[PDB]
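Should a chain be cited, it is by its letter among A, B, C, D and E, assigned in written order, with residues numbered from 1 in that chain.
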Amino acid sequence: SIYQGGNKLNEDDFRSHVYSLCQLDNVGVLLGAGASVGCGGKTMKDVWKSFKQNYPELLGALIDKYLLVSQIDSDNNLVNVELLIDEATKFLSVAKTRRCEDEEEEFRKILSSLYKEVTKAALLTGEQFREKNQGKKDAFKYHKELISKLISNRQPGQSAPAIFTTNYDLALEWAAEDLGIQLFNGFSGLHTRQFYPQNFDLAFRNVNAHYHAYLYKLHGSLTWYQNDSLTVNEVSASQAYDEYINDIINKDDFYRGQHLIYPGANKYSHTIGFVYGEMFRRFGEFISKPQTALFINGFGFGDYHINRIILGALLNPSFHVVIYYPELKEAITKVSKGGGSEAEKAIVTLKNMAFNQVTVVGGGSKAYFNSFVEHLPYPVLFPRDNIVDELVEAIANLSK
Amino acid sequence: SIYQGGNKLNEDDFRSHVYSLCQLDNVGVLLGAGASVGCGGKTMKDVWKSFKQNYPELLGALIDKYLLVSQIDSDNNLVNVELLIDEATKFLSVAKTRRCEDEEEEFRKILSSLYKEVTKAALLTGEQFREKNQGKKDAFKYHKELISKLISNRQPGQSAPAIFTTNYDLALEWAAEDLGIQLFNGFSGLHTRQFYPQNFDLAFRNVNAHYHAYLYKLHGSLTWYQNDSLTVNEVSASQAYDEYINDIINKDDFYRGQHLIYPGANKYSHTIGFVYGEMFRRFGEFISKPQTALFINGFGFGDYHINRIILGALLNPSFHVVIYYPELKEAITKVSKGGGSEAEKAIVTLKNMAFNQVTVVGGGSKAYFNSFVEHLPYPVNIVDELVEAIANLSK
Amino acid sequence: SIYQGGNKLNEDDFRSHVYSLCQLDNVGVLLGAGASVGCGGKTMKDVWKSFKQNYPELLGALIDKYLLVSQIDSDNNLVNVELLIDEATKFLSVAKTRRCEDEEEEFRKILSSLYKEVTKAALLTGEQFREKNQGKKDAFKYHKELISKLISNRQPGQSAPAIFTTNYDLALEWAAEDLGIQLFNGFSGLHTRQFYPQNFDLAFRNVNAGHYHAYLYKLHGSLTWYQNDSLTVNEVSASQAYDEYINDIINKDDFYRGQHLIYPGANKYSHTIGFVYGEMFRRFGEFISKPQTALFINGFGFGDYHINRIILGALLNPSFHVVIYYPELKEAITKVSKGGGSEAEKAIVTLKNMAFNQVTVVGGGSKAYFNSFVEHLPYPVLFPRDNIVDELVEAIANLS
Amino acid sequence: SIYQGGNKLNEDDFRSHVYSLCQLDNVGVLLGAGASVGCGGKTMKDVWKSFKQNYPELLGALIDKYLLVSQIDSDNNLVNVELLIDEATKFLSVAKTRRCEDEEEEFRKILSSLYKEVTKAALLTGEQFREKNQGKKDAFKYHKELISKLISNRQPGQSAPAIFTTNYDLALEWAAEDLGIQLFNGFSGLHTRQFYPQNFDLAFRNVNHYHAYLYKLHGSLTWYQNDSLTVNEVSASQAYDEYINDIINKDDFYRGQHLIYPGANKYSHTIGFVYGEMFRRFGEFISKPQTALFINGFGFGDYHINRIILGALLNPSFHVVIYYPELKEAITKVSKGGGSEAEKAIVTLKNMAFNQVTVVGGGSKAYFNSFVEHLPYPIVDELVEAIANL
Amino acid sequence: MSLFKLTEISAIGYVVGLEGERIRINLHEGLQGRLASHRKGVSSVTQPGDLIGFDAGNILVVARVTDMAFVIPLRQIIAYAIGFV
C-alpha cells in the first residue's frame, strides 16, 4: 500500500522518512477538489448527476442531434465536464460566424447551465456564505492543523512555506483569519484592490530588533473580476454575493464574464488573462530549487500541463515528491489488461520506476486528507541528547 | 528617413547608436516573412493572388455560402491566411462530429488546396530540399553574418542571443550547421524526438580547457507532426519529404487531419496549443526585463496581440526598440487625410510619439534585410586550401 | 564460487565490497554480446549454425578446395568467424594483384553471405526496427535499471559515468530515450550530423545560478554510421537507414560494400582511414590510468588480443579494481590441468591465480548473468541515520 | 638557398630561429636512412642496383608471372622494397595454406636473397657486430654530440626529448651506451625481455639520471617472435649466433613469421600491435601545442606520413624544419609536366605564405653533419692507461 | 568543440593608466614569441618614435611612443595620441 522506488515499504519507516523531509529548505503542498469534501464541497461526478437530474431536455438534445455525449457514459457517470465545455464552445463560434439564430440560442443555455452548477459546488455553507466568522466552525478543524504544523516546523534563516491549489472555494482564508496569520496573494488595498506581480517578493520584519505564508490560486477564484484590459479587482464575500452571484443562481439569466474561473481543458485559448501565466512561472521556479519537497493530495491527474512539470522535474537529484491515490489497486489491474485512461496510466508510470525520490500511498480511506494531516510531526522544542535517557532504555531490556 | 524622437537623424550618428545598443545585457531580434525573399520565398498577398487564380470556383462559397472571406479585402489582396485555415479546420471537425457528409467532403477539397500553396513557397530549393549541405550555397550568405556578429559582439559571462521568428522554414537552421554552432529549440533525441519546455533553461560548458543561441518559432515548422494523441515529434527534411511533404504537392485530394503543426492550424486540441503558448509566454517574458534591446525586421504589424505587448513594455525606462518599415511615406499620406489601415495607424502613431526610445527607418530599398545586416558592427582565411589538397591526395 | 586474490569469499562480504567500490571517483562498465540475449540478440555460434543450414554449397568448397576450416570443428560449431573473415581478404588481395578472374566472384559471395548474417542478429526486433517508442517494452527493463543506479549513486563534485561496448545494436539508446537521459557520443546536428573529437569534453550547466547525463563509447562501430565519398562519417536514424541501405543487404542478395561501419575481424589496424576507431581506444586507456578507478565486466568472452593486454598492463597501478563475470569457470579450470585448453581459457585462469587483492572473479553458471549482475548493485541511502546514539535502536528490538 | 615560404634568409637569420625553437616545451627529431651514411649505410637505390646485378634470373617473374614490380620504375631505380617483401610474405602464406609446391618454393627462393641484401647494408661494421664498445669508434662521433646538446638544452621541470626514427640499426643505442644515459623503447627484462607499451609513461627521479625516449617505426634486427605468441628483444652477440650468420652465409633457408623488420609480417594480429602503437604515439605527439619538429633524412614518399604532417599545421604553435639537399633540381622540373609526388609536395610546401615551413637546401650544406653544427652549446684516458700499466 | 573560432590577433601589452593626455602601458611575457605573423608582413614595436594602435570597437586610435623604463622585473611605456582611423 506504500511504494518507494517500485518496491514496497512499511509504516514505521515511512513515518521517519516524512520527518526527515520536513526539515528541508523548501517544503510545499498541492491540493485539489477532494480535500474540500469534509467541509461541504463536491466533485465533478456529482456535478454531472445534478445536471442530468434538473435539466432533462438539454440532455436529450445533447445525445440525439449533436452527438456530444454517449448513453453508456451518461447512465454510468463517466462523462468529463471539462472536454464538453470546449466542444459546446466550438459549435457556438461556427453558428455565430455563419449567422444561424437558433443554434446560437440553444447553446447559450447549455453553456450557462453548466457554469451554474460549478459555483454552488464551491459555496460550502450555502446562504451563510455571506456571513462572518465561518472559520470558527468545526468542519475547518484540520485546515488549521495543517498550517500550524507547516509553519511551526521552520527555524530561523529558512524560508516560508508555499501552498498551491486549484479549487475556487474559500477555505484556507477563512481558517487563517481565525488564527491571525497573513497570507500574501498578490493584491493590495481595501477601497480599490488590485493585482501587482511584485507583491510576492515581500516579507515582514520587526522595527525594534513572525508568522506568514504565500498562497497561489492557479485556476482563479470566486471573488475576482475584470472590467478593463489590465485591471483585475478583488472583493469580499458579502460584497460579491450581492452584485453578481445571487443573480446567476436564483434568476436564470444568460452568462457573461462576471467572474474569472478557468474550468475548461485548453486554458491558453483565453489570451487576455495575463494572470494565469504569473502563477506557473512561480510553480516551475519553485520546483527547480535545490533541496525541495512537495506533497500532493486531492488531485486526479487529469491535467496535461501539471503532469509535464512534475514529470520533467524528476531530472534533479534533490527534489522529492509524495503522492496520495486511493484507487490504485483498481488501476494496476485495468492497465495490466491493456486498457486504462490517461489518468491511471500517468500514475502507474510513476509507481513503476527505479528512482528513490518517488513515493506512492494507496489504501482507500488511509489516503484521505484527515489522515494526511496526522502523518505530519510536531516539533521537539528542546531535544534531549538522551544518552542518560538512552542507555537506560537499553538497560531496560539489557537487565533481564 | 530616420526619425528618432520625431526629429530627423543622420546615418553616421545612427550607426553609432546601434553600436551602443548592442552592448546591453539583453539583445534580441524578431524576423518575418520578408526576410526570406532573397532566398526563394514569397509574401502573404502573392500567396493569395496565386490562389484566386488557379482556384476560382472555391472563391464563391467562401463568400456567399459560409461567410469566411470579404469581397473588399479579397479584391485589395488584404486577407489573412492563418485565421482562414484555423477556421476551416474546425468547421470540418463539427461536421465530422454531427455526421454531415456533403460538407465534410467539400472542406477537404478547400484545405488540400490551401496547404499546397502555403507549402510550395516554403521549400526555397524545390527538389534539392531533401539533400545535404544546403547552407554552403550563396543565397544563405546574409544569414550567417547576422549570427556571427551577434555572437562576436558578446563578452564572457554574458547572456546569449535570442531570435524570434514567424516563418516556418529552415533558412535559419541550414545556416548554422555550416558555421558549427548549436541552436536550442526545445527538442531532444534522435530516434524519438520530443518537446521538453525546461530545455530553454540549460547551457553548455567545458571541463578541460561551445557557442550556442536560442531560436523561438511562433507559428510552427514543416518538420513537426503528431501521430499519437499526446506527443509531438520532429524529424529531418529527407525523412519528411518521403512521409508527407511529397503527397501534398504531387497529389490532388490527399489530406489527413490533426496531423500538421503549421501555420497555427489545430489550436483547439490541448496538446498542440501547449506548443504555441510557451513561445508567446517566453517572448512576453523576455520583452519585460531591464537593459533590453529589440530589433525588428520583416514584420508588417497586422497582429493585435504583439502590438499590445510591445507597447506595454515601454513603461520601463530600460527597453529600447528599433523598427524598419519601407512604405512610411505612402502610409503618412493616407493617414493624414482620414484613411489607412490598422497596421499603418499604429506605426504612424509610434512615429509621432515624442520618445527617444523609438527609432524608425523607412527608405524603400534602404530598409531591407541586406542593409539591416550591414548596419551592424564588425571590428577591425588562408587556412582553407589544405583540406582540398588532402582530398586531391587520393592515391 | 567467488575468488578474490586467489582465496574464497562469500555473498555477504561480496556485497559490502561492491557497495564500497561504487562509492569511488571513477566508475565504468564494459559489456559484450551476451548482455543482449535477454532482448533478442544472438552469438557467433548461432551465426555459424545459421550460416551452415542456409549456404551448404560454399561450406563444402571451403572445407575441400581451399582448406580454410577443418571438417571436425564444423560438426560441433567450434569455428571462429573473425579469422575466417580475415583470411578471405588475404586471398582476395592476391587474386586481384594476380588478375585471376574467377576467384574474385567466388570470394565475394563468401564475404557477402557472411556480412549478411550479423545484421539480422543485431536488429533484435525484425520488422519493428523501423518504428518508434521501442524502449517501453519489458525486454529493456534491466537496461533501464542499470543506468538509473549508476547515475543515482553519484554525489556533488564527482564525475559522470561512462559506458564502453562492442555491440552494434541500439538497446542502450532506446532505453535512455524513454527516461529522458542524454548520452554523449561525439556527433552533433540533425540534418547533417558529423563526428567531432572535441565534443567528448562537453557538459551541462544552468542559467539561474537537466543534471543527469553520461557518456557512451562504441568500440567496433554501429549499425547506423556510414562513410561517404566526401570522407566524413554521418549518422542517421533507424527508420532512415532501413529504407536507405540495410533493406537490400538482407533481401537483395547483392554484393557488399562499405555501406555501414562495422569491423568484426581480429586485426583491423589494416584500415588506416580508421581515425574514429582510434579515439575510442585512446579514451579507454586514458580512463583506466587514473587513481581510484573501478571497472565491471560482463558479457565478454576474452577472445580479443587488444583488450586483454590493456587489462593486464593496468594491474600495476595500486588504485585500480576490476570485477569479472565468467560462467564456465569450473569447466575451464578442469581443462587446463591437462596442459591443454583454448587461448581464452588461459587468460582468465592467469587472472584467477594471482596474489593481489584487486582482482575478483565470479562464476556459477546462471548466477553470472546480466540480470543478477544488475541486482547485485545497490540503491542509495538518502538520509543516513547517524545512529551513533540510535545504534542502541538495534539493541532495542529483543533482549528481554 | 634558405627559402622560408616565399622569401629568403641567411645563415644567422636561420641560426637564431633555431635557438628560438629550441626553447619550446615539446621538441622532436625525425631521422631516416640518410643520416646513416657517414657511419656506413646505404640508401634504397644501391640495394636495388645490387639485387638487379646479383640475382638477374629471378627478376623476370616479378614482372612477367606475378606482376609485383613495374619494368619502368625497375629500370629507373626508384622502387619501394619493403612493400614488396610484405606482399611476398602474403603470397607465400597463401600458397602454404593451400597445399601447392612450386609457387611455395619459388617464393622461399626470393625472400632469402632480399633479406640477405637488406641485412648486409645494416650490419654497419662487418664482423665487429658481435663485439663490445662499438660506440667508442670514430664514425659514431656526431650522434653523441646530437644527444649531448639536445639533452643539455633543457630547463628543470621540463619535458624530455623525443626521437623518432625510420632506420632499423643500433647506432643511437651504441652511442648512448657510451655516454651513459638511459633510453626508453618499451621493453623490460634481461633473461626474458618483453614488450610493454605503457612503459613510455615512466621517468626517473633522484632521492638524495638524465634519459630520453626512442620511437622506431619499422622495427629492428634484435626483435623477433618464438613458437609462442610473445615478442622478444635480444643483444647483438646473441642474435648473430642465433640467426643472422646463417642469413648472410647460407644460400637457401627461411623461417616464416619469426622476424620483425621491415614492416614484413603485418598480417599477424600479434605483430601489427607493435607497429600501430608507434604511429599513434607520433600522432599524439604532433597534436600537442608549443612543439617543434626537425626533419633530416626523409624522402616524403609516404601517403600516411604526408597526410599527418599536413593536417598537423592548422593550429599555429607547431613548427616544422625540413632538410632537403636537391631542391632546385626539382623547382626547375615542376615548371613542366614531369614530376613525382616527392617533389610536388615539397614545392607546394615552399609555396606557402606563413612562417612555419622552412625548407633548406645547399646540395651538400644540407646534411646531417651541418644540421648538428647548426645547434647551440651549453684526461680520463691518461689516468686509465696509467692505472692499466701500473 | 565545433568549427567556430574567434581569436586571430596577438599583442604586446595592456593599458593601465590615464593621467591627462599621458597613457601608461604594461608589457607582457605571455606572448613568448613577440612575432605574430598575419596576412601581410610581421612587426614588433620596441623603441621610441614608433607607432602603435588600439581598437575601440568601431574605430582605431593611433599613438606614438615617447619613453621606456623598468618597474622578474617589470617594464612600462609612455605614449601620446595623434588621431584615429
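Keep in mind that, in the parts below, a residue touches a chain if its C-beta (ideal position, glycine included) is under 8 Å from a C-beta of that chain, and two chains touch if they have at least 3 such contacts.
S.K.: State which chains count as neighbours of chain B and simultaneously of chain D.
M.R.: C, E
S.K.: Give the identifier of the chain nearest to the protein's overall CA centre, each chain being represented by its own CA mean.
M.R.: Looking at where each chain's C-alpha mean falls, the closest to the middle is C.
S.K.: Decide which interface, C-E or A-B, involves more C-beta pairs in contact, and give its chain pair.
M.R.: A-B
S.K.: Indicate the whole-number Å distance between the mean C-alpha point of chain C and the mean C-alpha point of chain E.
M.R.: 56
S.K.: Averaging only over C-alpha atoms, locate the centres of chain B and chain C and give their separation in whole Å.
M.R.: 46
S.K.: Counting in whole Å, what is the centre-to-centre distance of chain D and chain E, each centre being its mean C-alpha position?
M.R.: That gives a centre separation of 46 Å.
S.K.: In chain D, which residues are in touch with two or more of the other chains?
M.R.: 354
S.K.: Which positions in chain E are in touch with at least two other chains?
M.R.: In chain E, the residues touching two or more other chains are 1-2.
S.K.: Draw the chains as dots and join the ones that touch; what shape do you get: line, ring, star, complete or other?
M.R.: other
S.K.: Got a list of which chains touch which?
M.R.: Pairs satisfying the touch definition: A-B, A-C, B-C, B-D, B-E, C-D, C-E, D-E.
S.K.: Which stretch or stretches of chain C touch chain A in the complex?
M.R.: These residues of chain C touch chain A: 144-145, 148-149, 152, 154, 180, 208, 210-212, 379-380, 382-383, 389, 392, 395-396, 398-400.
S.K.: If we count contacts the way the header does, which residues on chain B are in touch with chain C in the complex?
M.R.: Against chain C, chain B makes touches at 132-133, 170, 173-174, 177, 182, 188-192, 196, 198-199, 201-209, 227, 233, 236-239, 242, 391.
S.K.: Could you please specify the touching residues of chain C with respect to chain D in the complex?
M.R.: 66-68, 87, 90-91, 93-94, 97-99, 266-267, 269-270, 272, 278, 282, 289, 305-306, 309, 313-314, 316
S.K.: Okay, in this complex, where on chain C does chain E touch?
M.R.: The contact residues of chain C facing chain E are 188, 196, 198-199, 201-202.
S.K.: Hey, which residues of chain E end up touching chain D in the complex?
M.R.: 32-33, 35, 37, 42
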